[PDB]
């Protein structure tokens, strides 16, 4: 995968500019641009989503579309300052399809081989940022760091620690904010509450 394209540097601007050159999997070809993380190395909370969506791929920034707006409300309800956040995605290029007779770009879940190929960028970000806690937003991100057998619905809101992760941060898994939109509106407010609770667990981690 991407490991040869990751330069030996902790400068997020250099990593981001290099990601524009990555050939670690096929996603780079149909996407507009790599969407790297956003934030500074002084962040103590890192949050990892699945992939850039349609709006993210057009803007070049993580979490700018509907799921990111919901994440924004979740952050405010958990009293998490954005000054403490570095936010990124497990996969750096937008994976999508279109209906043959349609124009809208329809997001497709990254394959597990794409997550594995792209994980060197995530490791590079984690070493550069040295977060005290990593929030895994959804199954793709959580499995990226915790193994393909990990079930976010089974262990969300738990403070976890694994050995093979650089810097031994606390890890907190939760559901991706888009799941609240995809699921029934009847469950949406309860689901938002659950997200906010998990985020509160993550913000109260003390190294």
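Numbering follows the first chain given and starts at 1.
Mean CA B-factor, 147 to 155 versus 172 to 180: the higher value falls on 147 to 155. With 21 to 29 and 192 to 200 compared on mean CA B-factor from the PDB entry, the stretch scoring higher is 21 to 29. The top Cα temperature factor in the record, among 37, 66, 49, 60, falls on 60.
For residue 72, the recorded CA B-factor ranks within the middle third of the chain. Only modelled residues enter the ranking. In the PDB entry, a CA B factor belonging to the highest third of its chain's modelled residues is recorded for residue 162. In this PDB entry, the Cα temperature factor of residue 84 sits in the top third of its chain's modelled residues, the highest group. The entry lists a Cα temperature factor for residue 95 that places it in the lowest third of the chain's modelled residues. Sort the chain's modelled residues by C-alpha temperature factor and residue 105 lands in the middle third, per the entry.
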